[PDB]
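Just follow the structure's listing: the first ligand is 1, and inside any ligand the first atom is 1. Numbers for residues simply follow the sequence, beginning at 1. Keep in mind that the numbers below use all heavy atoms, side chains included, and drop hydrogens, waters and symmetry copies.
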Amino acid sequence: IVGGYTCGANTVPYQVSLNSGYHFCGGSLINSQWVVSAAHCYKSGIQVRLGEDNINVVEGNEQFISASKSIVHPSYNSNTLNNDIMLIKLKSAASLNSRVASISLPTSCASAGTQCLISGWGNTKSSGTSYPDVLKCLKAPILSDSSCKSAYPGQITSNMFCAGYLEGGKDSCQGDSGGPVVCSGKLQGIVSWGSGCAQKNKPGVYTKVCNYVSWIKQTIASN
Ligand SMILES: [Ca+2]
């Protein structure tokens, strides 16, 4: 997250870190046994880390649970990033409390102008590299589809939305991928892609979760 603020420990209780020896992507806990992330975060050998603030220090609220199954969306296209969504089943159920909690799936899609919360452990610089150890947060609005398509001609599908600031300076970034965009207490987006980070006229692009609720629910019910 570029241009954000330190969230505070366990203030984003649905945020998870995906670990394969190191943090490589975010995700969101949607019930005691399932996480949603970006398909472009797929790899084998995932450990899901819940209850994290500092990802390099054991602070006492963590739960570390291995994945038993991963399911990339049937229509994910790695060249265009259309359908950039993946489900991960945990080997055992997490213990839910105030500091580790699920986030609700949306019943309706959010409109442009809605303010959302984006979070992650990704790069904090637009030029160069500095990775934080504690969770960072950013409040940002959903942008109109017209502004999104004007910023990225030929690249925005109906399964994507833009959020952020056209003036630059505030955005998600590498290492935030897979993490949540929460608006009015519902998971509306997944950190997916963008051109650089925090550049003028290049806002972040997010997977539009409301298009996937039926697939998520049916997949969880049968796996
Ligand atoms: Ca920790």
Examine the side chains of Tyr212 and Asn83 and answer whether a donor and an acceptor come within less than 3.5 Å of each other.
-> yes

Could you tell me whether the side chains of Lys69 and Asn223 share a donor-acceptor contact shorter than 3.5 Å?
-> yes

State, without any angle test, whether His40 and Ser192 hold a side-chain donor-acceptor pair at a distance under 3.5 Å.
-> no

If you look only at pairs with a residue in residues 53-63, which of them pass as a side chain to side chain donor-acceptor pair (under 3.5 Å), with sequence neighbours excluded?
-> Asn56-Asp133

Quick one: side chain to side chain donor-acceptor pair (under 3.5 Å) partners of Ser111, sequence neighbours excluded?
-> none

With sequence neighbours left out, the residues meeting side-chain contact (heavy atoms from CB on, under 4.5 Å) with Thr6 are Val134, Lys136

Sub-3.0 Å protein N, O or S atoms surrounding the Ca ion (ligand 1) | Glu52 OE1, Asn54 O, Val57 O, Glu62 OE2

